[PDB]
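[1] before the rest arrives, take these chains from my complex:
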Amino acid sequence: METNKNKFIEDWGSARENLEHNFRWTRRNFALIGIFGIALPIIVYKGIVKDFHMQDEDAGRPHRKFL
């Protein structure tokens, strides 16, 4: 009942599993990791915090510090 499991598949499966051996901090990929690791979280954080600030501005209540 077990599948034949032809040889030309497990190699690619392990390459997808063992991709951790291919990483050398290339500059283009360094920028790619940096932007999606920091900038997008920062951009969205500004988005939510300013959404709260604008919501509170209309009601007239003072803005929370939001540390």
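    Cool, the structure landed. Numbering: from 1, shown residues only, chains lettered A, B, ... in the order given.

[2] buried ones in the longest helix anywhere in chain A?
    When chain A is parsed with DSSP state H, its longest helix is helix A:40-59. By 16 or more other CB atoms under 10 Å, helix A:40-59 has no buried positions at all. C-beta here means a position set from N, CA and C on the backbone, and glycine is covered the same way.

[3] how far away from the center of its chain is it?
    A distance of 20 Å separates the centroid of the chain from that of helix A:40-59, by CA atoms, centre = their mean, to the nearest Å.

[4] list the contacts of it.
    By CB atoms under 8 Å, 6 or more residues apart in numbering, the surrounding residues in contact with helix A:40-59 are A:62-64, A:66.

[5] which of the residues you listed has the most neighbours?
    Per-residue neighbour counts (other CB atoms under 10 Å) across these peak at residue A:63, which has 12 neighbours.

[6] and it, how close does it get to residue A:3?
    61 Å (CB to CB, to the nearest Å).

[7] quick one on the thing from earlier: which one of the contacts of helix A:40-59 sits closest to residue A:10?
    Within the contacts of helix A:40-59, proximity to residue A:10 (CB to CB) peaks at residue A:66, which comes in at 50.8 Å.

[8] contacting residues for the closest one?
    So residue A:66 contacts A:49, A:52 (CB under 8 Å, 6+ apart).

[9] here's chain B, drop it on:
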Amino acid sequence: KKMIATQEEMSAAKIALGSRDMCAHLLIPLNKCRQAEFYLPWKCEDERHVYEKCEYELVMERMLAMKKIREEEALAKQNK
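    Chain B goes in next, on the same frame as the chains above:
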């Protein structure tokens, strides 16, 4: 022209808002006629033509009023 039979008599029939124009008085017998029949396009004709007469006369009144106002507006575009 003006109103003759409006307000509570108009309110009794479920007259569509916007369909309550100046000569909407005869629309109420018309709408009982539509409910009386099974909404036949050809059975009831005499009562529909008077309402189209209402609307048609209103439409000429509006177009002639605007043609008049355009007539004075034509004098406005005169730079000596």
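
[10] which element is residue A:63 on?
    Using DSSP states H and E, residue A:63 sits within no helix or strand.

[11] list the contacts of the residue nearest to residue B:57 when sequence neighbours are not counted.
    Nearest residue to residue B:57 in three dimensions, chain neighbours excluded: residue B:23, at 7.4 Å (CB to CB, 6 or more residues apart in numbering or on different chains). Counting by CB atoms under 8 Å, 6 or more residues apart in numbering or on different chains, residue B:23 makes contact with B:1, B:54, B:57-58.

[12] of the residues you listed, which is the most crowded?
    When neighbours are counted by other CB atoms under 10 Å in any protein chain shown, residue B:54 leads the contacts of residue B:23 with 19 neighbours.

[13] just the buried residues of stretch B:5-12, please?
    Across stretch B:5-12, burial judged by 16 or more other CB atoms under 10 Å in any protein chain shown covers no residue at all.

[14] hey, C-alpha coordinates of that stretch in CSV?
    This file holds the C-alpha atoms of stretch B:5-12, laid out as CSV (Å, rounded to 0.1, in the frame of the first residue of the first chain):
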residue,chain,number,x,y,z
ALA,B,5,-57.5,66.4,-2.1
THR,B,6,-54.3,65.7,-0.1
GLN,B,7,-53.0,64.8,3.3
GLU,B,8,-55.1,62.1,5.1
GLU,B,9,-56.9,61.1,1.9
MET,B,10,-53.6,60.9,0.2
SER,B,11,-52.1,59.1,3.2
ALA,B,12,-54.7,56.4,3.1
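
[15] also put chain C in, sequence below:
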Amino acid sequence: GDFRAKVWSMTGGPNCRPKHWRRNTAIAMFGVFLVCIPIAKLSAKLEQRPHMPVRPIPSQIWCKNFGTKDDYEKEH
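    Below is chain C, added to the chains above:
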């Protein structure tokens, strides 16, 4: 379907056409009728129809709620 005759195929195989399907069809109609009777009973039990009909409709033969919601102040 050489192998497809071995699967159960809950809704029917490739081309089933059982030996006696007409009797199954008839019992299916009977079951549908029997199961939709309580649906009809429930539907006739709960139906407001706030406005009275202009002409006698095939309703109010099993529905008793007619003009029961023109009292829109004692509403929970």
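
[16] please reconsider the contacts of residue B:23 now that chain C is part of the model.
    Residues near residue B:23 by CB under 8 Å, 6+ apart: B:1, B:54, B:57-58.

[17] ok, which pair from these is furthest apart?
    B:1 and B:54 (9.1 Å).

[18] tally of neighbours for residue B:27?
    20.

[19] the residue lying closest to residue B:21 once chain neighbours are set aside: helix or strand, and which one exactly?
    Nearest residue to residue B:21, sequence neighbours excluded (CB to CB, 6+ apart): residue B:58, at 6.0 Å. In this structure, residue B:58 sits in helix B:46-76 according to DSSP H and E.

[20] which other helices and strands contact that helix?
    helix B:27-36 (3 or more CB pairs under 8 Å, 6 or more residues apart in numbering or on different chains; DSSP states H and E).

[21] and the helix it packs on, what does it pack onto?
    helix B:8-12, helix B:46-76.

[22] possible to save those as TSV with distance to residue C:19?
    Formatted as TSV, the helices and strands packed on helix B:27-36 follow (distance: least, CB to CB, whole Å):
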stretch	distance to residue C:19
helix B:8-12	67
helix B:46-76	63
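
[23] so which of the ones you listed is nearest residue C:45?
    That would be helix B:8-12 among the helices and strands packed on helix B:27-36, by CB to CB, at 32.4 Å.

[24] which residues touch the closest one?
    Taking CB under 8 Å, 6+ apart as the rule, helix B:8-12 contacts B:20, B:24, B:28.

[25] if anything else comes up later, I'll come back, but that's it for now.
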